[PDB]
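File shown: model-v8.txt. Contents: compact mmCIF, C-alpha atoms.
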```txt
# COMPACT_ATOMS: atom_id res chain seq x y z
CA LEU A 38 32.36 26.59 -13.67
CA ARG A 39 34.45 23.74 -12.23
CA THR A 40 37.53 22.44 -13.98
CA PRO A 41 36.24 19.30 -15.76
CA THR A 42 37.80 15.87 -15.38
CA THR A 43 37.45 14.00 -18.68
CA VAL A 44 37.84 10.29 -19.41
CA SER A 45 37.78 9.88 -23.20
CA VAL A 46 37.30 6.59 -25.02
CA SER A 47 40.14 7.87 -27.22
CA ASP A 48 42.47 7.31 -24.26
CA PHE A 49 41.61 3.59 -24.24
CA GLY A 50 42.25 2.70 -27.88
CA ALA A 51 38.88 3.49 -29.47
CA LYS A 52 39.65 4.10 -33.14
CA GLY A 53 36.33 5.69 -34.10
CA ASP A 54 36.23 4.58 -37.74
CA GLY A 55 32.96 2.62 -37.58
CA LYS A 56 34.75 -0.58 -38.66
CA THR A 57 37.06 -1.39 -35.74
CA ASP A 58 35.28 -2.88 -32.74
CA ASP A 59 35.67 -0.29 -29.96
CA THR A 60 33.63 -2.15 -27.32
CA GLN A 61 36.53 -2.98 -24.99
CA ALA A 62 37.78 0.62 -25.14
CA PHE A 63 34.35 1.73 -23.93
CA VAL A 64 34.40 -0.92 -21.18
CA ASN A 65 37.76 0.28 -19.87
CA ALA A 66 36.86 3.97 -20.14
CA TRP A 67 33.70 3.22 -18.15
CA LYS A 68 35.77 1.50 -15.46
CA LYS A 69 37.97 4.55 -15.16
CA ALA A 70 35.19 7.14 -15.16
CA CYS A 71 32.86 5.12 -12.90
CA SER A 72 35.52 4.47 -10.27
CA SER A 73 36.75 8.04 -10.19
CA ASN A 74 35.47 10.41 -7.55
CA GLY A 75 33.63 13.66 -8.14
CA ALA A 76 32.32 15.05 -11.42
CA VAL A 77 33.52 13.14 -14.50
CA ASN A 78 32.78 13.50 -18.21
CA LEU A 79 32.97 10.24 -20.17
CA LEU A 80 33.57 11.59 -23.67
CA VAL A 81 32.62 10.01 -27.00
CA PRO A 82 34.39 12.49 -29.31
CA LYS A 83 32.39 14.38 -31.92
CA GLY A 84 32.79 13.42 -35.57
CA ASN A 85 33.70 9.75 -35.07
CA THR A 86 31.69 6.54 -35.38
CA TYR A 87 32.19 3.82 -32.75
CA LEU A 88 31.12 0.26 -33.57
CA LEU A 89 29.88 -1.46 -30.42
CA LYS A 90 28.68 -4.93 -29.53
CA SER A 91 26.31 -5.24 -26.59
CA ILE A 92 27.65 -3.29 -23.62
CA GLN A 93 26.59 -3.02 -19.98
CA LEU A 94 27.65 0.08 -18.04
CA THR A 95 27.11 -0.96 -14.44
CA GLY A 96 26.90 1.18 -11.33
CA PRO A 97 26.65 2.45 -8.73
CA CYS A 98 29.66 4.67 -9.39
CA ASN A 99 31.80 6.84 -7.15
CA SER A 100 31.57 9.62 -9.73
CA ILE A 101 28.82 11.99 -10.76
CA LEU A 102 28.91 10.95 -14.41
CA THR A 103 28.09 12.98 -17.50
CA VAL A 104 28.30 10.72 -20.55
CA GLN A 105 28.97 13.09 -23.47
CA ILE A 106 27.84 11.12 -26.53
CA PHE A 107 29.02 13.68 -29.06
CA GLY A 108 29.95 11.20 -31.80
CA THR A 109 28.03 8.29 -33.28
CA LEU A 110 27.53 4.88 -31.67
CA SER A 111 26.99 2.12 -34.25
CA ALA A 112 25.54 -1.27 -33.34
CA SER A 113 26.95 -4.60 -34.43
CA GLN A 114 24.57 -6.44 -36.73
CA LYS A 115 25.86 -9.85 -35.61
CA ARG A 116 23.31 -11.56 -33.36
CA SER A 117 26.12 -13.42 -31.55
CA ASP A 118 27.56 -10.05 -30.44
CA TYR A 119 24.72 -9.57 -27.90
CA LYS A 120 25.16 -11.06 -24.43
CA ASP A 121 21.48 -10.31 -23.76
CA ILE A 122 19.62 -10.40 -27.10
CA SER A 123 17.14 -7.90 -25.61
CA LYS A 124 19.81 -5.25 -24.89
CA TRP A 125 22.40 -3.35 -26.89
CA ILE A 126 23.58 -0.47 -24.67
CA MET A 127 22.37 -0.78 -21.08
CA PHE A 128 23.07 1.49 -18.12
CA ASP A 129 22.48 -0.62 -15.02
CA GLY A 130 22.20 0.79 -11.52
CA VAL A 131 23.83 4.17 -12.19
CA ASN A 132 22.59 6.99 -9.94
CA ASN A 133 23.06 10.70 -10.64
CA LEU A 134 23.71 9.87 -14.30
CA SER A 135 23.46 12.44 -17.08
CA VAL A 136 23.68 11.54 -20.77
CA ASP A 137 24.28 14.53 -23.05
CA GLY A 138 24.42 14.26 -26.82
CA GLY A 139 25.35 17.92 -27.23
CA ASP A 140 22.87 18.09 -30.16
CA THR A 141 25.37 16.11 -32.27
CA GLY A 142 25.51 12.61 -30.80
CA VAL A 143 23.68 9.76 -32.51
CA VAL A 144 22.87 6.26 -31.24
CA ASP A 145 22.38 4.16 -34.38
CA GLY A 146 21.03 0.63 -33.95
CA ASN A 147 21.44 -0.36 -37.63
CA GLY A 148 18.06 -2.02 -37.24
CA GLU A 149 17.13 -2.75 -40.87
CA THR A 150 18.64 -6.24 -40.94
CA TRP A 151 16.80 -7.05 -37.71
CA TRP A 152 13.57 -5.62 -39.13
CA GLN A 153 13.55 -7.71 -42.31
CA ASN A 154 14.08 -10.80 -40.13
CA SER A 155 11.10 -9.81 -37.97
CA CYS A 156 7.99 -11.98 -38.09
CA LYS A 157 5.72 -8.95 -38.57
CA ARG A 158 7.58 -8.31 -41.85
CA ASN A 159 8.19 -11.90 -42.98
CA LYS A 160 5.66 -14.46 -41.75
CA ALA A 161 7.91 -17.36 -42.80
CA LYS A 162 10.09 -16.18 -39.90
CA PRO A 163 9.80 -16.91 -36.18
CA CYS A 164 9.02 -14.07 -33.82
CA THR A 165 12.15 -13.13 -31.88
CA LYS A 166 13.15 -10.48 -29.38
CA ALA A 167 15.50 -7.87 -30.84
CA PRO A 168 17.76 -5.59 -28.80
CA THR A 169 16.66 -2.36 -27.21
CA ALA A 170 19.12 0.23 -28.51
CA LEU A 171 19.42 2.25 -25.29
CA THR A 172 18.23 1.06 -21.86
CA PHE A 173 18.38 2.88 -18.53
CA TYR A 174 17.70 0.43 -15.71
CA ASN A 175 17.56 0.91 -11.93
CA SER A 176 18.70 4.55 -12.00
CA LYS A 177 17.77 7.39 -9.64
CA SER A 178 18.14 11.06 -10.58
CA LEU A 179 18.67 10.42 -14.28
CA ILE A 180 19.03 13.04 -17.03
CA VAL A 181 18.96 12.25 -20.77
CA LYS A 182 19.14 15.21 -23.13
CA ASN A 183 20.17 16.61 -26.51
CA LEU A 184 20.56 13.15 -28.03
CA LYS A 185 19.41 11.43 -31.22
CA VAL A 186 18.52 7.73 -31.35
CA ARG A 187 17.83 6.23 -34.77
CA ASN A 188 17.01 2.89 -36.38
CA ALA A 189 16.99 0.80 -33.21
CA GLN A 190 16.96 -2.97 -33.58
CA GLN A 191 13.66 -2.95 -31.69
CA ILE A 192 12.77 -0.61 -28.83
CA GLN A 193 14.72 2.64 -29.21
CA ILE A 194 14.91 4.02 -25.65
CA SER A 195 13.68 2.13 -22.59
CA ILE A 196 13.56 3.57 -19.07
CA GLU A 197 12.90 0.74 -16.62
CA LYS A 198 12.81 0.68 -12.81
CA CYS A 199 13.99 4.30 -12.73
CA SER A 200 13.13 7.15 -10.39
CA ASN A 201 13.33 10.95 -10.74
CA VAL A 202 14.07 11.15 -14.48
CA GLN A 203 14.28 14.08 -16.91
CA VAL A 204 14.44 13.46 -20.67
CA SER A 205 14.60 16.60 -22.78
CA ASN A 206 15.35 17.59 -26.39
CA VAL A 207 15.82 14.09 -27.80
CA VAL A 208 15.07 12.90 -31.34
CA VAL A 209 13.94 9.31 -31.94
CA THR A 210 13.51 8.21 -35.56
CA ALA A 211 12.87 5.00 -37.49
CA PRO A 212 10.82 4.14 -40.60
CA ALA A 213 7.05 4.01 -40.21
CA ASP A 214 7.00 0.32 -41.19
CA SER A 215 9.83 -0.78 -38.90
CA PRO A 216 8.44 -3.37 -36.46
CA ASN A 217 8.08 -2.77 -32.71
CA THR A 218 10.42 0.26 -32.65
CA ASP A 219 8.84 1.95 -29.56
CA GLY A 220 10.22 5.50 -29.32
CA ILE A 221 10.39 5.96 -25.55
CA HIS A 222 9.31 2.96 -23.46
CA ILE A 223 8.60 3.73 -19.79
CA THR A 224 8.12 0.80 -17.45
CA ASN A 225 8.11 0.60 -13.64
CA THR A 226 9.38 4.19 -13.56
CA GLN A 227 8.20 6.93 -11.19
CA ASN A 228 8.63 10.73 -11.32
CA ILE A 229 9.69 11.19 -14.94
CA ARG A 230 9.30 14.11 -17.35
CA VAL A 231 9.82 13.82 -21.11
CA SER A 232 9.77 17.25 -22.73
CA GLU A 233 10.54 19.11 -25.95
CA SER A 234 11.19 15.98 -28.02
CA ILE A 235 10.48 14.60 -31.48
CA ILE A 236 9.55 10.97 -32.15
CA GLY A 237 8.85 9.43 -35.54
CA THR A 238 9.16 5.67 -35.43
CA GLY A 239 7.57 2.34 -36.33
CA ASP A 240 5.54 1.70 -33.16
CA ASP A 241 4.39 3.66 -30.11
CA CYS A 242 5.97 7.09 -29.94
CA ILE A 243 5.70 6.77 -26.15
CA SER A 244 4.58 3.60 -24.38
CA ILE A 245 3.85 3.60 -20.64
CA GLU A 246 3.74 0.20 -18.94
CA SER A 247 2.92 -1.15 -15.50
CA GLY A 248 4.49 0.29 -12.37
CA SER A 249 4.62 3.75 -13.97
CA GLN A 250 3.65 6.67 -11.72
CA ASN A 251 3.90 10.45 -12.09
CA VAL A 252 4.70 10.68 -15.79
CA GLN A 253 4.81 14.09 -17.49
CA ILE A 254 4.95 14.40 -21.29
CA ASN A 255 5.29 18.03 -22.41
CA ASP A 256 5.78 19.54 -25.89
CA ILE A 257 6.37 16.48 -28.04
CA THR A 258 5.80 15.82 -31.72
CA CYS A 259 4.76 12.30 -32.76
CA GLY A 260 4.58 11.04 -36.33
CA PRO A 261 5.09 8.55 -37.77
CA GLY A 262 4.18 6.17 -34.96
CA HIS A 263 1.36 4.44 -33.13
CA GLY A 264 0.75 7.41 -30.82
CA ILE A 265 1.09 7.96 -27.09
CA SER A 266 -0.15 4.82 -25.36
CA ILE A 267 -0.62 3.60 -21.82
CA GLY A 268 -0.19 -0.16 -22.09
CA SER A 269 -0.19 -2.86 -22.85
CA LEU A 270 -1.52 -3.51 -19.34
CA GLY A 271 -2.49 -6.82 -17.81
CA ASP A 272 -0.98 -9.18 -20.37
CA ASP A 273 -0.18 -12.69 -19.12
CA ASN A 274 -2.92 -12.22 -16.49
CA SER A 275 -0.70 -9.67 -14.72
CA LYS A 276 -1.78 -7.16 -12.09
CA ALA A 277 -1.23 -3.71 -13.59
CA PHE A 278 -0.80 -0.34 -11.90
CA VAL A 279 -0.48 3.03 -13.63
CA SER A 280 -1.26 6.33 -11.91
CA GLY A 281 -0.72 10.01 -12.58
CA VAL A 282 0.07 10.53 -16.27
CA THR A 283 -0.18 13.95 -17.91
CA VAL A 284 0.40 14.59 -21.61
CA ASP A 285 0.24 18.35 -22.13
CA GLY A 286 1.15 19.86 -25.48
CA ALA A 287 1.56 17.32 -28.26
CA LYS A 288 1.16 17.23 -32.03
CA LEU A 289 0.41 13.83 -33.56
CA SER A 290 0.48 13.52 -37.35
CA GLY A 291 -0.49 10.47 -39.38
CA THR A 292 -0.22 8.10 -36.42
CA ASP A 293 -2.00 4.77 -36.08
CA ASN A 294 -3.41 6.00 -32.76
CA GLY A 295 -3.68 9.36 -31.07
CA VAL A 296 -3.88 8.90 -27.31
CA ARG A 297 -4.49 5.28 -26.38
CA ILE A 298 -5.08 3.11 -23.32
CA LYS A 299 -4.79 -0.61 -24.08
CA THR A 300 -5.41 -3.44 -21.60
CA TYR A 301 -5.68 -7.23 -21.83
CA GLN A 302 -8.51 -9.52 -20.77
CA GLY A 303 -7.47 -11.55 -17.76
CA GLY A 304 -5.43 -8.71 -16.32
CA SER A 305 -6.09 -7.14 -12.96
CA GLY A 306 -5.16 -3.90 -11.27
CA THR A 307 -5.85 -0.33 -12.22
CA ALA A 308 -4.93 2.53 -14.55
CA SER A 309 -6.05 5.84 -13.06
CA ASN A 310 -5.49 9.61 -13.00
CA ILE A 311 -4.65 10.18 -16.67
CA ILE A 312 -4.84 13.52 -18.50
CA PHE A 313 -4.36 14.14 -22.23
CA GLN A 314 -4.64 17.88 -22.88
CA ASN A 315 -3.65 20.41 -25.55
CA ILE A 316 -3.32 17.78 -28.28
CA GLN A 317 -3.37 18.47 -32.03
CA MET A 318 -4.44 15.60 -34.30
CA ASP A 319 -3.34 15.87 -37.95
CA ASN A 320 -4.93 13.01 -39.91
CA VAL A 321 -4.72 10.56 -37.00
CA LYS A 322 -6.22 7.09 -36.90
CA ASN A 323 -7.95 6.31 -33.58
CA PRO A 324 -7.43 9.83 -32.15
CA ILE A 325 -8.90 8.80 -28.77
CA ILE A 326 -9.03 5.12 -27.90
CA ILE A 327 -9.48 2.98 -24.81
CA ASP A 328 -9.53 -0.68 -25.87
CA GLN A 329 -9.91 -3.54 -23.37
CA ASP A 330 -10.84 -6.35 -25.81
CA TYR A 331 -7.28 -7.69 -26.06
CA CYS A 332 -6.12 -11.21 -25.16
CA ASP A 333 -2.62 -12.68 -25.49
CA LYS A 334 -3.58 -16.09 -26.95
CA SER A 335 -4.75 -17.00 -30.47
CA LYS A 336 -8.14 -18.15 -29.06
CA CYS A 337 -9.55 -15.78 -26.45
CA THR A 338 -11.87 -16.94 -23.67
CA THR A 339 -14.63 -15.08 -21.88
CA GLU A 340 -13.04 -12.42 -19.70
CA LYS A 341 -12.92 -13.19 -15.97
CA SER A 342 -10.78 -10.19 -14.94
CA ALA A 343 -9.83 -6.81 -16.37
CA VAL A 344 -7.69 -3.77 -15.65
CA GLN A 345 -9.97 -1.09 -14.20
CA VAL A 346 -9.60 2.26 -16.02
CA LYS A 347 -10.74 5.37 -14.01
CA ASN A 348 -10.16 9.20 -14.14
CA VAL A 349 -9.16 9.85 -17.72
CA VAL A 350 -9.47 13.43 -18.96
CA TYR A 351 -9.30 14.43 -22.61
CA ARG A 352 -9.07 18.22 -22.69
CA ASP A 353 -8.45 20.78 -25.43
CA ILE A 354 -8.01 18.13 -28.12
CA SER A 355 -8.45 19.37 -31.67
CA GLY A 356 -8.01 18.18 -35.21
CA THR A 357 -8.89 15.62 -37.88
CA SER A 358 -9.59 11.89 -37.66
CA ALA A 359 -8.34 9.48 -40.31
CA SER A 360 -10.44 6.73 -38.70
CA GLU A 361 -14.15 6.02 -39.02
CA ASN A 362 -14.34 6.40 -35.23
CA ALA A 363 -12.48 9.42 -33.84
CA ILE A 364 -13.35 8.35 -30.28
CA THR A 365 -13.46 4.68 -29.25
CA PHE A 366 -14.26 3.48 -25.72
CA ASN A 367 -14.36 -0.35 -25.76
CA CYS A 368 -14.24 -1.05 -22.04
CA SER A 369 -14.68 -4.15 -19.94
CA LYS A 370 -18.16 -5.24 -18.97
CA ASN A 371 -17.30 -6.42 -15.45
CA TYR A 372 -14.98 -3.42 -14.89
CA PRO A 373 -16.50 -0.52 -16.87
CA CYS A 374 -14.47 2.60 -17.54
CA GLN A 375 -15.27 5.23 -14.92
CA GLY A 376 -14.79 8.98 -14.76
CA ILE A 377 -13.98 9.55 -18.41
CA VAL A 378 -14.17 13.28 -19.13
CA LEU A 379 -14.30 14.96 -22.54
CA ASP A 380 -13.56 18.68 -22.15
CA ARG A 381 -13.36 20.90 -25.26
CA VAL A 382 -12.75 18.04 -27.71
CA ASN A 383 -13.21 18.76 -31.44
CA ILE A 384 -12.14 15.98 -33.82
CA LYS A 385 -13.75 16.16 -37.27
CA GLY A 386 -13.82 13.35 -39.79
CA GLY A 387 -14.88 10.73 -37.33
CA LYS A 388 -17.67 9.38 -35.13
CA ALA A 389 -17.64 8.24 -31.46
CA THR A 390 -18.21 4.67 -30.23
CA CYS A 391 -18.66 4.13 -26.49
CA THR A 392 -19.30 0.82 -24.69
CA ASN A 393 -19.14 0.29 -20.91
CA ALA A 394 -17.79 3.83 -20.56
CA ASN A 395 -19.18 6.36 -18.10
CA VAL A 396 -18.42 9.57 -19.99
CA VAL A 397 -19.00 13.17 -18.94
CA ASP A 398 -19.16 16.04 -21.43
CA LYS A 399 -17.72 19.42 -20.40
CA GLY A 400 -18.14 22.23 -22.89
CA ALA A 401 -18.02 21.83 -26.65
CA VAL A 402 -17.45 18.13 -27.42
CA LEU A 403 -17.43 16.70 -30.95
CA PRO A 404 -18.12 13.90 -31.55
CA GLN A 405 -20.31 12.79 -28.65
CA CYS A 406 -21.15 9.26 -27.57
```
Starting from the coordinates I provided, produce the structure as structure tokens.
Amino acid sequence: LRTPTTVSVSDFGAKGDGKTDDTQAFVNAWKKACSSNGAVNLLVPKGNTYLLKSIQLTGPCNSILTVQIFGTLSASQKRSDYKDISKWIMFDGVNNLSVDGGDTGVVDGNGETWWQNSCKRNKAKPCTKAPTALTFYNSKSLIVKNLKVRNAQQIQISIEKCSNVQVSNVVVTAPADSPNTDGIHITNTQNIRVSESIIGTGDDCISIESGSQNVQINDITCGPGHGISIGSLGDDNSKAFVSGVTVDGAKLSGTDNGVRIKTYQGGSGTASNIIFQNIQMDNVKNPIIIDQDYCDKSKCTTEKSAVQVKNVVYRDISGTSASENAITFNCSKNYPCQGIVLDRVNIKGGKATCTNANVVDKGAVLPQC
């Protein structure tokens, strides 16, 4: 094809030994590649390890940028090295961005030291926000592919306020007991497909939050993890909106939940038009769960408002429950779940509990409410 223009971090003094701080080299390389015209590869050379503090790669850019993360990015473990304690690497406002790991690149958050200081893991500790390893924010026409993200400080990959996004052939991994290490976090993002990916992490494999519309999740493996979850929705008495989610082709193994919708008492808004189909459950706790009994304070009041859940289809779901209840519908009394469909569902090893749920059975369904 075209003759490629390449801006390499090598050209800006990045040593690539994993001990020298290469942050400023990345900053300057990003200035060069972002300001250039036309198609530009920003290259992180294969076989090297680049220690990075927090870094913000800000657009919009004159270039059509392909960031070739072929080597390894290694996070500082010093809390003072993070401008925003919630962010390690953040792409901000970059349109027509493609991030390609070439099946060799690794984004390593070095999260263990953050995890042991987490309050979920040491209750003599205060609960603190830890950095998201890789954030894409305010991007249109985004592509993320062929990349591995491991051991994030907290959230591994977050896609926030994005539009027209394709994530394909990524690997996200962290220990099963690592706290709050969401695999792929999707929030206020519309028209996104995540396909052909593998997530085994310490929290939600995929979490879909408010503002999300037209989300496609195809051919993913999840385990360890907390499953594929819409929510949390309506926390802090927020108005939530989620519409048009399809998970089609997934294998969940040993996860704390299978396919989950979770909303908070006091919330408002709606979560609608959701389809979970062609799902294999291998020893999964809470294979199917909608749970609206959540509150964000230590002493919950009687619920005045709830997120309304409507048009949820569970289709061609098969496998084995590790929970007493394979199917759990705990929905709001004042806003009951509506248009819940169970179509060719066969989960053995568990029973079904259904409260304030209008369910419809289509074909062979086991277990039944």
Give me the residues near residue 257 (chain A) as a PDB file with C-alpha atoms, in the coordinates of the input, where near means some atom within 10 Å (using only C-alpha atoms) and where sequence neighbours in that chain fewer than 6 positions away do not count.
```pdb
ATOM      1  CA  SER A 205      14.600  16.600 -22.780  1.00  0.00           C
ATOM      2  CA  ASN A 206      15.350  17.590 -26.390  1.00  0.00           C
ATOM      3  CA  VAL A 207      15.820  14.090 -27.800  1.00  0.00           C
ATOM      4  CA  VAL A 208      15.070  12.900 -31.340  1.00  0.00           C
ATOM      5  CA  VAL A 231       9.820  13.820 -21.110  1.00  0.00           C
ATOM      6  CA  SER A 232       9.770  17.250 -22.730  1.00  0.00           C
ATOM      7  CA  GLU A 233      10.540  19.110 -25.950  1.00  0.00           C
ATOM      8  CA  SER A 234      11.190  15.980 -28.020  1.00  0.00           C
ATOM      9  CA  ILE A 235      10.480  14.600 -31.480  1.00  0.00           C
ATOM     10  CA  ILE A 236       9.550  10.970 -32.150  1.00  0.00           C
ATOM     11  CA  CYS A 242       5.970   7.090 -29.940  1.00  0.00           C
ATOM     12  CA  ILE A 243       5.700   6.770 -26.150  1.00  0.00           C
ATOM     13  CA  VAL A 284       0.400  14.590 -21.610  1.00  0.00           C
ATOM     14  CA  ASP A 285       0.240  18.350 -22.130  1.00  0.00           C
ATOM     15  CA  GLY A 286       1.150  19.860 -25.480  1.00  0.00           C
ATOM     16  CA  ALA A 287       1.560  17.320 -28.260  1.00  0.00           C
ATOM     17  CA  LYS A 288       1.160  17.230 -32.030  1.00  0.00           C
ATOM     18  CA  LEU A 289       0.410  13.830 -33.560  1.00  0.00           C
ATOM     19  CA  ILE A 316      -3.320  17.780 -28.280  1.00  0.00           C
TER      20      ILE A 316
END
```
Contacts of region 84-173 of chain A with region 42-58 of chain A up to 7 Å, shortest pair per row, only C-alpha atoms, as CSV:
```
residue,atom,partner,partner_atom,distance
A:85,CA,A:53,CA,4.9
A:86,CA,A:55,CA,4.7
A:87,CA,A:53,CA,4.7
A:88,CA,A:55,CA,5.0
A:89,CA,A:58,CA,6.0
A:111,CA,A:55,CA,6.9
```
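With all atoms listed in the file taken into account, the protein and nucleic acid residues at most 8 Å from residue 81 (chain A) (excluding it and anything under 2 positions from it in its own chain) are residues 45, 46, 47, 79, 83, 104, 105, 106, 107, 108 and 109 of chain A.
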Could you give me, as JSON lines, every region 105-192 of chain A residue with an atom at most 12 Å from region 61-68 of chain A, plus its closest atom pair and distance in Å to one decimal, counting only C-alpha atoms, rows ordered by chain then number?
```
{"residue": "A:106", "atom": "CA", "partner": "A:63", "partner_atom": "CA", "distance": 11.7}
{"residue": "A:110", "atom": "CA", "partner": "A:63", "partner_atom": "CA", "distance": 10.8}
{"residue": "A:126", "atom": "CA", "partner": "A:63", "partner_atom": "CA", "distance": 11.0}
{"residue": "A:128", "atom": "CA", "partner": "A:67", "partner_atom": "CA", "distance": 10.8}
{"residue": "A:131", "atom": "CA", "partner": "A:67", "partner_atom": "CA", "distance": 11.6}
```
Closest of A:178, A:117, A:191, A:275 to residue 146 (chain A) - atom-to-atom distances counting only C-alpha atoms
A:191
Find the residues with any atom within 10 Å of (18.1, -11.7, -29.9); use only C-alpha atoms and the coordinates as given in the file, and write the answer as number ranges by chain.
A: 115-125, 151, 165-169, 190-191
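Counting only C-alpha atoms and comparing A:283, A:305, A:266, A:238, the residue that lies closest to residue 324 (chain A) is A:266.
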With only C-alpha atoms as the basis for distance, which of A:290, A:218, A:345, A:95 is at the shortest distance from residue 173 (chain A)?
A:95
For residue 215 (chain A), please output as a PyMOL selection string all residues within 10 Å (counting only C-alpha atoms; exclusion window: fewer than 4 positions along the same chain).
chain A and resi 148-149+151-153+155+157-158+188-191+211+219+238-240+262
Selection to disk with C-alpha atoms, as an mmCIF file, in the coordinates of the input:
```cif
data_model
loop_
_atom_site.group_PDB
_atom_site.id
_atom_site.type_symbol
_atom_site.label_atom_id
_atom_site.label_comp_id
_atom_site.auth_asym_id
_atom_site.auth_seq_id
_atom_site.Cartn_x
_atom_site.Cartn_y
_atom_site.Cartn_z
ATOM 1 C CA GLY A 148 18.060 -2.020 -37.240
ATOM 2 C CA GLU A 149 17.130 -2.750 -40.870
ATOM 3 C CA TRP A 151 16.800 -7.050 -37.710
ATOM 4 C CA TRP A 152 13.570 -5.620 -39.130
ATOM 5 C CA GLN A 153 13.550 -7.710 -42.310
ATOM 6 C CA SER A 155 11.100 -9.810 -37.970
ATOM 7 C CA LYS A 157 5.720 -8.950 -38.570
ATOM 8 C CA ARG A 158 7.580 -8.310 -41.850
ATOM 9 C CA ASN A 188 17.010 2.890 -36.380
ATOM 10 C CA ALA A 189 16.990 0.800 -33.210
ATOM 11 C CA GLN A 190 16.960 -2.970 -33.580
ATOM 12 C CA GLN A 191 13.660 -2.950 -31.690
ATOM 13 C CA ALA A 211 12.870 5.000 -37.490
ATOM 14 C CA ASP A 219 8.840 1.950 -29.560
ATOM 15 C CA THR A 238 9.160 5.670 -35.430
ATOM 16 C CA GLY A 239 7.570 2.340 -36.330
ATOM 17 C CA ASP A 240 5.540 1.700 -33.160
ATOM 18 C CA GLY A 262 4.180 6.170 -34.960
#
```
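Proximity of A:139, A:281, A:271, A:212 to residue 250 (chain A), computed with only C-alpha atoms, is greatest for A:281.
Between CA of residue 296 (chain A) and CA of residue 195 (chain A) the separation is 19.4 Å.
CA of residue 230 (chain A) lies 5.0 Å from CA of residue 203 (chain A).
For the set A:170, A:354, A:181, A:38, the residue with the smallest atom-to-atom gap to residue 112 (chain A) is A:170, counting all atoms listed in the file.
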So how many Å separate CA of residue 241 (chain A) and CA of residue 395 (chain A), to one decimal?
26.6 Å
Excluding same-chain residues fewer than 2 positions from region 222-228 of chain A, what lies within 6 Å of it counting all atoms listed in the file, as a ChimeraX atom specification?
/A:195-201,243-252
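Environment of (28.7, 14.7, -12.3): residues at most 7 Å away, judged by only C-alpha atoms, are residues 75, 76, 77, 100, 101, 102 and 103 of chain A.
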Please provide as number ranges by chain all residues within 10 Å of residue 398 (chain A), with the sequence filter that same-chain residues fewer than 6 positions apart are discarded (counting all atoms listed in the file).
A: 377-382, 405-406
Could you rebuild region 155-166 of chain A with N, CA and C atoms and give me the result as a compact mmCIF listing (two decimals), in the coordinates of the input?
```txt
# COMPACT_ATOMS: atom_id res chain seq x y z
N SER A 155 12.22 -9.81 -38.89
CA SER A 155 11.10 -9.81 -37.97
C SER A 155 9.93 -10.59 -38.55
N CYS A 156 9.17 -11.24 -37.66
CA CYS A 156 7.99 -11.98 -38.09
C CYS A 156 6.85 -11.08 -38.55
N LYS A 157 6.78 -9.83 -38.08
CA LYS A 157 5.72 -8.95 -38.57
C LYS A 157 5.94 -8.55 -40.02
N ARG A 158 7.14 -8.74 -40.51
CA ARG A 158 7.58 -8.31 -41.85
C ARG A 158 7.86 -9.48 -42.78
N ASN A 159 8.05 -10.66 -42.22
CA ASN A 159 8.19 -11.90 -42.98
C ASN A 159 7.58 -13.01 -42.13
N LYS A 160 6.41 -13.50 -42.55
CA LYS A 160 5.66 -14.46 -41.75
C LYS A 160 6.18 -15.88 -41.88
N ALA A 161 7.12 -16.13 -42.79
CA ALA A 161 7.91 -17.36 -42.80
C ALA A 161 9.02 -17.34 -41.75
N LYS A 162 9.07 -16.31 -40.92
CA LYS A 162 10.09 -16.18 -39.90
C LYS A 162 9.49 -16.39 -38.51
N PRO A 163 10.28 -16.86 -37.56
CA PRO A 163 9.80 -16.91 -36.18
C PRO A 163 9.91 -15.56 -35.50
N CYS A 164 9.02 -15.33 -34.54
CA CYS A 164 9.02 -14.07 -33.82
C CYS A 164 10.11 -14.12 -32.76
N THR A 165 11.02 -13.15 -32.79
CA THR A 165 12.15 -13.13 -31.88
C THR A 165 12.27 -11.76 -31.24
N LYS A 166 12.84 -11.74 -30.04
CA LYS A 166 13.15 -10.48 -29.38
C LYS A 166 14.41 -9.90 -29.99
```
